[PDB]
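Enquirer:
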Amino acid sequence: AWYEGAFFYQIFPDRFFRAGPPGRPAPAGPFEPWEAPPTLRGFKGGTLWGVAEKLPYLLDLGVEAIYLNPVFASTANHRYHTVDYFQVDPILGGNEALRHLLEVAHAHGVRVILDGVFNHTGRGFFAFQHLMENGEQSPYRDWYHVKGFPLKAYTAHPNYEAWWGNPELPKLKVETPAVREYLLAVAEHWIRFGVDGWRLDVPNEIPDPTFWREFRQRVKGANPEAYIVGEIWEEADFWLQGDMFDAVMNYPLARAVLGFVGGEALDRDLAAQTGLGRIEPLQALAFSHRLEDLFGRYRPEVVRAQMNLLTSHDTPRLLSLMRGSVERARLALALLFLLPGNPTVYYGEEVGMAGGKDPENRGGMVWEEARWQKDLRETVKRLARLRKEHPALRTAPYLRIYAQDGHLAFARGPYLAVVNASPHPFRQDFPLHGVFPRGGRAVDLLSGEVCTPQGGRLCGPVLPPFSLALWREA
Ligand SMILES: OC[C@H]1O[C@@H]2O[C@H]3[C@H](O)[C@@H](O)[C@@H](O[C@H]4[C@H](O)[C@@H](O)[C@@H](O[C@H]5[C@H](O)[C@@H](O)[C@@H](O[C@H]6[C@H](O)[C@@H](O)[C@@H](O[C@H]7[C@H](O)[C@@H](O)[C@@H](O[C@H]8[C@H](O)[C@@H](O)[C@@H](O[C@H]1[C@H](O)[C@H]2O)O[C@@H]8CO)O[C@@H]7CO)O[C@@H]6CO)O[C@@H]5CO)O[C@@H]4CO)O[C@@H]3CO
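Read in order, the letters of the sequence shown are residues 2 to 475 in the entry's author numbering.
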């Protein structure tokens, strides 16, 4: 429903905006200065109160949904090391902060989804601490995959199953009834609290197929409109048959757009340092083939709900991926709003923040307007409003019309999108292949340009370097 074409904005809680009172236990020490370089353990103190305060900023941009990284009590600044699934982290302001955020968000028609880390917990979680203090005598032993005792929890060789072998992330034993009951109650609780959906962290670490099916029924049961999206970096047919997730994070689409728009100017060395991998340059046709596969291998309702991002807290920032090329970053972001799926933007990309891989990509949000790349932001604001006023952009099919070099043209129902992802101008006179049957006056919704096709060929002026156009029969 609402999650099929919606503009999503991803926020890393500790780095958006610091405001309001903390929750209990309140921190008692200095916070890493806001404008200082992000570190592995540093906390800047952003809160959910602040996120609620910055809603007018998000509304201006056109945001329809907020995807938040983990917000429950954790000892990590990124919060993937959960300590208590039933309490919003004190530093973020506690449950009352999340409650207030949801009220303001919903009052203005904005949805909010949370990040669920259910494969593992931090070492600070109750059950794990219980294991550490009591060893074999602990009645919580079966919450984890204990190899032996002692646990050696602070060595590079933990005596228990852990995410990627990292001792900071003890792997949960989901088959244990007490565990599955806890996790399912968690998934349900927050949906009833007011949350609109869940973004599942590395769901593949929990291969048990019955868990996710139960998860879906419990969540959808508490709110049929809840959105469930999972983190899968490649093909995800298994998780999209309809009995598990509604969609996944479309990293494959991110690789395609980056390769096509990034061209040879893409910093493949930077991208190779993360899950993006070494992104291969792509020409028009090859790029279109990838879209055609991505847009057809899943049911249409799934394709329309796909979380279409370019970057995230797990990738280098866009501007750094384009070696400072503002025009390229602008085109890649722009193009997302012209494809089926949910265009998703990582906080700061709309104003041009730069950075390599984590923690460089998790800097404090810049609120000094005079410092924003206004061109990038206006494009996002412009195309988000375009998508909002032209619903066909989120519902229609994808049909390639022209492909050559870095020149692409595809149709979305009544619209013909023309992409010029190259340094040189592109005259829009290619054959329409039947796109505008009526064969009359047409207008580029983006520039206002107007013209009348003849001979089955488009009639617009040259498309400037790294520019976009969206025609519709006037
Ligand atoms: O010993 C661990 C590891 O240490 C080094 O790697 C570090 C790396 O240099 C840092 O950048 C960072 O990594 C971050 C990464 O860059 C981000 O992208 C993100 O990670 C995401 C993945 O990129 C993404 O693919 C997904 O992960 C899922 C996979 O898609 C899925 O296939 C599967 O993964 C399994 C592998 O297929 C399998 O080969 C095996 O992987 C092992 C490696 O082969 C082995 O070398 C080692 O990895 C080293 C690495 O070489 C060092 O350079 O251990 C691996 C684990 O055994 O097993 C995988 C597990 O199933 O499943 C995963 C889901 O878990 O999502 C992730 C998360 O979004 O975040 C990374 C962390 O910030 O840190 C690492 C570690 O310090």
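Here a beta-carbon is modelled for each residue, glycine too, at the ideal position from N, C-alpha and C.
1. Give the secondary structure of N309 by DSSP, where H, G and I count as helix, E and B as strand, and everything else as coil.
2. Should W234 be counted as a contact of ligand 1 given a C-beta to heavy atom distance under 7 Å?
3. Taking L170 as the reference, give the member of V303, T83, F427 with the closest Cα.
4. On the three-state DSSP scale, how would you describe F288?
5. Does the beta-carbon distance from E474 to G441 come in below 8 Å?
6. Would you give the residue range spanned by the alpha helix (DSSP H) that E379 belongs to?
7. If you draw a straight line from the C-alpha of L400 to the C-alpha of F411, how long is it?
8. Do the region 335-345 and the region 362-372 make contact, defined as three or more Cβ pairs closer than 8 Å?
9. With hydrogens ignored, establish whether the beta-carbon of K221 is closer than 7 Å to any heavy atom of ligand 1.
10. According to DSSP, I229 sits in a beta bridge with which residue or residues?
11. Can we say the region 137-149 touches the region 189-208, given the rule of at least three CB pairs closer than 8 Å?
12. For a quick check, are the C-beta atoms of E350 and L334 less than 8 Å apart?
13. With 16 as the cutoff for other CB atoms within 10 Å, does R378 come out buried or exposed?
14. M354: which of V367, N343, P344, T345 sits nearest, CA to CA?
15. Identify the continuous alpha helix (DSSP H) that holds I192 and give its terminal residues.
16. Looking at the secondary structure, which residues open and close the beta strand (DSSP E) in which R473 lies?
17. With DSSP as the reference, identify every bridge partner of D85, one or two as the case may be.
18. So what does DSSP say about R100, is it helix, strand or coil?
19. What separation, rounded to the nearest whole angstrom, lies between the Cα atoms of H290 and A393?
20. Just curious, the alpha helix (DSSP H) that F9 is in, first and last residue?
21. Hey, is residue 478 close to ligand 1, as in C-beta under 7 Å from one of its heavy atoms?
22. What residues in its chain sit with their C-beta under 7 Å from that of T275, if we drop five residues either side in the sequence?
23. If you draw a straight line from the C-alpha of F44 to the C-alpha of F32, how long is it?
24. Could you say which of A29, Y68, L184, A266 lies nearest to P14 if we only look at CA atoms?
25. Ligand 1 and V203: does the residue's C-beta get closer than 7 Å to at least one heavy atom of that ligand?
26. Using a threshold of 7 Å, is the CB atom of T345 nearer than that to any non-hydrogen atom of ligand 1?
27. For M133, which of helix, strand or coil comes out of DSSP?
28. What does DSSP give as the partner residues of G263 in its beta bridges?
29. Compute the distance between the beta-carbons of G407 and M323, then report whether it is under 8 Å.
30. Can you tell me where the beta strand (DSSP E) holding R112 begins and where it ends?
31. Could you say which of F17, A7, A273 lies nearest to residue 1 if we only look at CA atoms?
32. Could you tell me whether any non-hydrogen atom of ligand 1 is closer than 7 Å to the CB of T122?
33. Determine the burial state of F127: buried for a count of at least 16 other Cβ atoms within 10 Å of its Cβ, exposed for fewer.
34. For a test of the three-state rule: what should DSSP assign to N251, helix, strand or coil?
Expert: According to the structure shown:
1. The count along the sequence shown starts at 1 and reaches residue 309 at position 308. Here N309 sits in strand by DSSP.
2. Against the sequence shown, residue 234 aligns to sequence position 233. At least one heavy atom of ligand 1 is nearer than 7 Å to the Cβ of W234, so yes.
3. Taking the first residue of the sequence shown as 1, we reach residue 170 at position 169. The candidate whose alpha carbon is nearest that of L170 is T83.
4. The residue you call residue 288 lines up with position 287 of the sequence shown. Helix, per DSSP.
5. On the sequence shown, position 473 is the one that residue 474 refers to. On the sequence shown, position 440 is the one that residue 441 refers to. Yes, the Cβ-Cβ distance between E474 and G441 is below 8 Å.
6. As a working mapping, residue 379 is identified with position 378 in the sequence shown. 375-390 is the extent of the alpha helix (DSSP H) around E379.
7. Taking the sequence shown and counting its residues from 1, the one referred to as residue 400 is at position 399. Taking the sequence shown and counting its residues from 1, the one referred to as residue 411 is at position 410. Their Cα atoms are separated by approximately 5 Å.
8. no
9. Within the sequence shown, the letter at position 220 stands for residue 221. It does not: the Cβ of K221 is nowhere closer than 7 Å to a heavy atom of ligand 1.
10. Numbered from 1 along the sequence shown, position 228 holds the residue referred to as residue 229. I229 is bridged to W199.
11. no
12. Residue numbering aside, residue 350 sits at position 349 when the sequence shown is read from its first letter. Residue numbering aside, residue 334 sits at position 333 when the sequence shown is read from its first letter. For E350 and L334, yes; Cβs fall inside 8 Å.
13. Here residue 378 refers to the residue found at position 377 of the sequence shown. Flag for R378 reads buried.
14. Mapped onto the sequence shown, residue 354 falls at position 353. Among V367, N343, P344, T345, the Cα nearest to that of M354 belongs to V367.
15. Residue mapping note: residue 192 aligns to position 191 of the sequence shown, counting from 1. Element bounds for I192: 178-194.
16. Taking the first residue of the sequence shown as position 1, residue 473 is located at position 472. Where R473 is concerned, the enclosing beta strand (DSSP E) stretches over 468-474.
17. Residue mapping note: residue 85 aligns to position 84 of the sequence shown, counting from 1. Its beta-bridge partners are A74.
18. Taking the sequence shown and counting its residues from 1, one reaches residue 100 at position 99. Reduced to three states, the DSSP call for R100 is helix.
19. Counting from 1 along the sequence shown, the entry for residue 290 is found at position 289. Counting from 1 along the sequence shown, the entry for residue 393 is found at position 392. Distance between the alpha carbons of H290 and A393: 21 Å.
20. One-based indexing of the sequence shown puts residue 9 at position 8. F9 -> not in any alpha helix (DSSP H); beta strand (DSSP E) instead, spanning 9-12.
21. Coverage of the chain is limited to positions 2 through 475, which leaves residue 478 absent and any answer about it impossible.
22. Counted from its first residue, the sequence shown places residue 275 at position 274. Hits under 7 Å: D315, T316, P317, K358.
23. Residue mapping note: residue 44 aligns to position 43 of the sequence shown, counting from 1. Residue mapping note: residue 32 aligns to position 31 of the sequence shown, counting from 1. Looking at the two C-alpha atoms, the distance is approximately 6 Å.
24. Locating residue 14 in the sequence shown gives position 13, where the first residue counts as 1. When each option's Cα is compared against that of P14, the closest is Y68.
25. For this step, residue 203 is matched to residue 202 along the sequence shown. Yes, the Cβ of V203 comes within 7 Å of a heavy atom of ligand 1.
26. Here residue 345 corresponds to residue number 344 of the sequence shown, with the count starting at 1. False, no ligand heavy atom lies under 7 Å from that Cβ.
27. Start at 1 with the first residue of the sequence shown, and residue 133 comes out as number 132. Of the three classes helix, strand and coil, the one that applies to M133 here is helix, per DSSP.
28. In the sequence shown, the residue the question calls residue 263 occupies position 262. According to DSSP, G263 bridges with nothing at all.
29. As a first step, residue 407 must be located in the sequence shown, where it is residue number 406. As a first step, residue 323 must be located in the sequence shown, where it is residue number 322. Taking 8 Å as the Cβ cut-off, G407 and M323 do not qualify as a contacting pair.
30. Position 111 of the sequence shown, counting from 1, holds the residue named residue 112. Run containing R112: 112-117, per the beta strand (DSSP E) assignment.
31. Outside the displayed range of the chain (2 to 475) lies residue 1, so it cannot be described from this structure.
32. What you label residue 122 is simply residue 121 of the sequence shown in a count that begins at 1. Result no, Cβ not under 7 Å from ligand 1.
33. Along the sequence shown, read from residue 1 onward, the residue named residue 127 stands at position 126. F127 should be labelled exposed.
34. Counting from 1 along the sequence shown, the entry for residue 251 is found at position 250. Note: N251 maps to coil in three-state DSSP.
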